[PDB]
J.: 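Structure below; questions to follow.
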Amino acid sequence: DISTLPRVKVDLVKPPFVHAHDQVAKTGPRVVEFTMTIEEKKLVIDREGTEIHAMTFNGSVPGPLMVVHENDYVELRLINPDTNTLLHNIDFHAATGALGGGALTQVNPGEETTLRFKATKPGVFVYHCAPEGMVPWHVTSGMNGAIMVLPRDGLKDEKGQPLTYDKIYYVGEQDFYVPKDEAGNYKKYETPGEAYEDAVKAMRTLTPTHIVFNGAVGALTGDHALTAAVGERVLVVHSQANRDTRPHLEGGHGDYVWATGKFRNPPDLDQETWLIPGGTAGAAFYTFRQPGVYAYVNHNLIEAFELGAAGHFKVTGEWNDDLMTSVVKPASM
Amino acid sequence: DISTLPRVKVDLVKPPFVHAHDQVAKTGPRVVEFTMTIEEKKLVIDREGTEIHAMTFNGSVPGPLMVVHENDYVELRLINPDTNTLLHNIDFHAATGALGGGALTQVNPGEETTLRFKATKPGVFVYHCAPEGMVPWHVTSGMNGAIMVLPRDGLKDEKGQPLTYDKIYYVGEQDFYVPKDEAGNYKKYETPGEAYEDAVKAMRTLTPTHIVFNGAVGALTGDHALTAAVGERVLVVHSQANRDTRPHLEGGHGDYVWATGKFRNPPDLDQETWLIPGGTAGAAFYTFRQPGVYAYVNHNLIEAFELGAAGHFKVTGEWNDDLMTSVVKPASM
Amino acid sequence: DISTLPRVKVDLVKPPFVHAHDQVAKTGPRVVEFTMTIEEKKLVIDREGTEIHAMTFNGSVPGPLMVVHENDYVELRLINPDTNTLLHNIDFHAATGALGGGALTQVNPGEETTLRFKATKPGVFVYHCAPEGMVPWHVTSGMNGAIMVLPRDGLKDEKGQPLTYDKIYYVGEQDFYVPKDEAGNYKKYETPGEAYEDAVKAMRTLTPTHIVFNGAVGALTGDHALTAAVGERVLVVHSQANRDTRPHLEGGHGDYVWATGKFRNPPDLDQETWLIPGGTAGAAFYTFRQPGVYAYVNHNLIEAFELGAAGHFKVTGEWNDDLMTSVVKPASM
Ligand SMILES: [Cu+2]
Ligand SMILES: [Cu+2]
Ligand SMILES: [Cu+2]
Ligand SMILES: [Cu+2]
Ligand SMILES: [Cu+2]
Ligand SMILES: [Cu+2]
């Protein structure tokens with residue numbers, strides 16, 4: 001059966017960008033092959049130069065977004081180079097059985113494996129490392145991502161009508177728990193393991209030191225701000241593998257939102273803010289109507305502006321005065 | 001076009017009360033004019049006399065609830081008297097563009113401005129101050145409120161049938177982060193700015209010192225308890241601009257609930273408790289069936305009874321023994 | 001009227017098990033009688049032998065799950081033996097009036113009472129102790145449970161079709177706040193009251209020391225793991241009376257989920273993870289398709305694997321290679 005199915009290999013791209021794909025499937029079910037390389041590396045996450053030892057899928061935090069269609073077969077080749085120091089594996093929330101594949105993908109440095117699973121349920125799902133005994137440590141070190149399983153006939157609105165996006169971005173939100181000394185300064189380590197004992201103590205406080213989008217404070221700002229134009233329909237996929245988040249587009253809305261990310265359910269309309277539970281991926285669809293800068297944030301504003309969970313959207317186009325206008329510019333009474 | 005539209009001016013009232021309005025619009029679209037004055041003032045929030053320097057819209061925490069209809073134009077005159085010390089602005093989650101209006105409403109003390117925006121989406125929304133660089137500080141100082149955009153034909157249930165309320169109350173929940181000394185006592189300041197550095201440090205703990213309804217512990221109790229009668233249909237609007245909350249009416253339910261507050265979506269039925277994400281406004285509809293005192297609380301009972309997120313509902317009428325009855329009063333075995 | 005109704009007495013069983021009942025009612029409305037005895041007792045909650053003074057309904061944490069049908073009358077005899085030291089009562093989120101019955105069920109040690117209420121709304125609800133002045137203390141000491149009010153014609157899917165479960169389990173999640181000394185060690189007490197002052201201080205931190213399923217770390221693991229077989233339809237009822245939780249079945253899904261637990265609403269489909277707000281009970285329906293061990297967890301993995309919110313499901317049957325297969329077992333590159 002499967003031997004008879006067509007196979008296509010796809011090359012992943014770095015978040016927030018997404019690899020090429022078709023919204024409406026043009027072919028029948030296929031075996032979609034992906035390759036990911038685990039990479040333990042140092043990452044500086046803030047403007048003060050705070051450095052951590054991140055555990056990543058393909059060298060990025062979050063790991064890349066995989067896109068397939070309902071009933072396609074996902075075949076992943078997972079490689080753990082001998083330059084790494086820890087055992088890793090992968091748990092797909094999209095898969096059925098063996099801890100999402102975690103029990104079948106345990107690879108020590110210098111090992112590799114290939115897992116295949118049927119994408120039976122449509123929606124956006126979280127995937128993350130989950131080694132027995134140190135699950136939270138690997139997950140909060142940046143080892144998680146997301147996979148999107150699109151219905152074979154694309155997305156639809158609450159009334160069964162087609163929803164087509166012009167652009168898609170993947171925002172991975174990550175909570176970090178950096179160990180601190182007596183005065184409150186962050187500690188630095190030489191190797192991932194040298195941080196273990198301290199890492200566990202920091203996690204137990206349940207209080208993150210940093211909460212970031214795309215691996216670092218201000219990563220989606222400045223020259224890296226997300227872009228769009230008035231009239232463009234954008235789909236924003238957002239994931240949080242360990243903690244709740246409440247995305248909000250300052251100046252806009254979520255026209256159609258799947259907060260818990262499962263497409264067989266009708267979307268919620270006109271959302272101002274939505275709750276994505278820790279360990280879930282959600283998606284929001286919006287058509288830009290005004291140009292300018294938009295602040296895409298986790299709406300616990302302390303987490304957004306003090307901890308790092310904030311990004312920018314830069315939109316081009318003509319301003320619509322009917323929707324909004326300054327009748328009297330700020331002036332002296 | 002707009003010059004041709006009828007205009008009506010409305011005077012806001014102090015929460016939990018709401019200004020006069022029509023549920024079902026009796027006129028076509030209009031320009032609804034509101035005026036709000038920013039007020040930085042000292043507020044004591046608990047029984048021990050803990051005092052803070054609140055930043056308010058119209059002198060209250062929360063700011064007043066504005067009510068308009070879908071497709072009406074909201075025109076707000078925002079005044080920042082020269083008696084204030086900080087720059088302020090306003091971000092309407094209900095508006096489209098320029099950070100909800102935040103980028104067009106920056107007023108220094110002694111300045112005023114007038115913004116107009118089209119209320120294109122129905123539902124209850126949060127509005128809050130958002131000055132670049134000190135957003136969380138202003139928001140957690142009490143500078144937020146809510147606006148309700150009613151469908152032109154009023155509220156409807158899950159089956160498209162009309163829902164009419166007899167009473168409406170606005171409960172604004174506020175998380176405060178009061179700086180403390182070594183022993184755990186709250187610090188007092190002379191001016192808002194003298195608290196800034198300390199305020200930022202307290203917020204980063206992500207742990208509120210107080211979580212209150214209507215600006216203070218016990219503000220909606222005693223002589224200020226919310227009132228209703230058996231048979232009355234009540235709509236309770238609840239907002240939290242920065243933190244998640246889980247409202248619950250002890251002794252009752254949310255017959256029809258819009259947890260994320262957007263009316264184009266069908267309400268959730270028979271809710272015991274619902275989650276309102278930080279940065280969102282929700283609404284719950286309930287018909288009282290029993291007289292007595294009801295405890296309206298944030299159902300994280302520590303936040304409710306230890307931190308202050310609890311209010312009272314006092315309902316008059318006849319007790320229904322079919323619904324509930326004490327068969328054997330507490331007595332010695 | 002009620003005098004004329006048939007009456008049946010039911011004997012409760014210890015969680016995670018549930019007492020015998022019919023999904024589809026075979027009789028008309030009845031008076032369902034239950035008896036519960038309050039029990040203050042010492043409980044060790046972790047592997048290090050940490051001991052607490054729990055306040056329980058029927059000697060367990062959580063209290064037992066009660067099952068009745070819509071419009072049945074629940075009659076509870078609540079006994080507080082003279083061996084107990086505190087006053088207790090019961091608040092049913094399923095009931096209407098008098099604080100869910102809390103105002104009518106205040107019993108001092110050596111007292112008992114009998115309350116009756118009409119189960120007018122279908123769904124799973126939380127019930128908990130709520131004595132004026134020490135509500136959070138009693139609730140976070142383990143004094144809460146849940147009651148399920150099934151529609152008279154059983155559960156149905158999003159399309160009105162019948163949903164029948166073969167097995168049902170009740171998972172009660174409990175957040176504990178154990179007082180600690182200067183070094184971080186847990187304090188031990190002789191009597192419940194001797195812990196009061198310290199208990200209040202620990203709760204105010206809003207940071208649990210333990211978050212467990214069925215009263216203890218690892219309570220639903222090993223020989224006590226939940227069991228099922230491939231092909232079996234299982235309903236998992238989950239409750240949290242004070243704090244939000246985000247259940248997730250590692251290796252599976254929630255085919256049909258009522259996150260806020262009210263059956264008059266259509267279920268959410270194909271959920272990977274769902275949010276149950278503090279003070280709520282939810283239910284998830286799943287048909288096992290693969291054998292093996294599944295990790296049922298609160299998906300804030302720190303709370304799950306460091307604090308104790310994790311259990312096991314052990315499923316028997318034949319492995320399905322179409323759904324998942326290891327193409328290349330972990331091997332040296
Ligand atoms: Cu790993
Ligand atoms: Cu906002
Ligand atoms: Cu301000
Ligand atoms: Cu309650
Ligand atoms: Cu009690
Ligand atoms: Cu997981």
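Just so it is clear: chains get the letters A, B, ... in the order the sequence lines come, proteins before strands, and each one is counted from 1. Only this structure's heavy atoms are used, side chains among them; waters, hydrogens and symmetry mates stay out. For ligands, and for the atoms within them, numbers begin at 1 and follow the listed sequence.
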J.: Is the Cu ion (ligand 4) less than 2.8 Å from at least one N/O/S atom of C/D91?
T.: no

J.: Taking the Cu ion (ligand 4) as the vertex, what is the angle from OE2 of B/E250 to NE2 of B/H299, given to 10 degrees?
T.: 90°

J.: Looking just at side-chain N and O atoms, do B/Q240 and B/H238 make a donor-acceptor pair shorter than 3.5 Å?
T.: no

J.: Among the N/O/S atoms of B/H88, which is closest to the Cu ion (ligand 3)? Give the atom name.
T.: ND1

J.: According to salt bridge (charged side-chain N to carboxylate O under 4.0 Å, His left out), does anything in residues 128-145 of chain B pair up with another residue at least two apart or in another chain? List the pairs.
T.: none

J.: Return the CG to CE distance between C/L87 and C/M134, rounded to the nearest 0.5 Å.
T.: 5.5 Å

J.: In B/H138, the N, O or S atom nearest to the Cu ion (ligand 3) is which?
T.: ND1

J.: On the six-membered ring of C/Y170, is C/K14 placed so that its NZ or CZ lies under 6.0 angstrom from the centre and within 45° of the ring axis?
T.: no

J.: To the nearest 10 degrees, calculate the angle at the Cu ion (ligand 4) involving NE2 of C/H93 and NE2 of C/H128.
T.: 100°

J.: Give me the ring orientation class for A/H299 and B/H128: parallel if the planes are under 30° apart, tilted from 30 to 60°, perpendicular past 60°.
T.: perpendicular

J.: Hey, what's the angle at the Cu ion (ligand 3) spanning SG (B/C129) and SD (B/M143), nearest 10 degrees?
T.: 110°

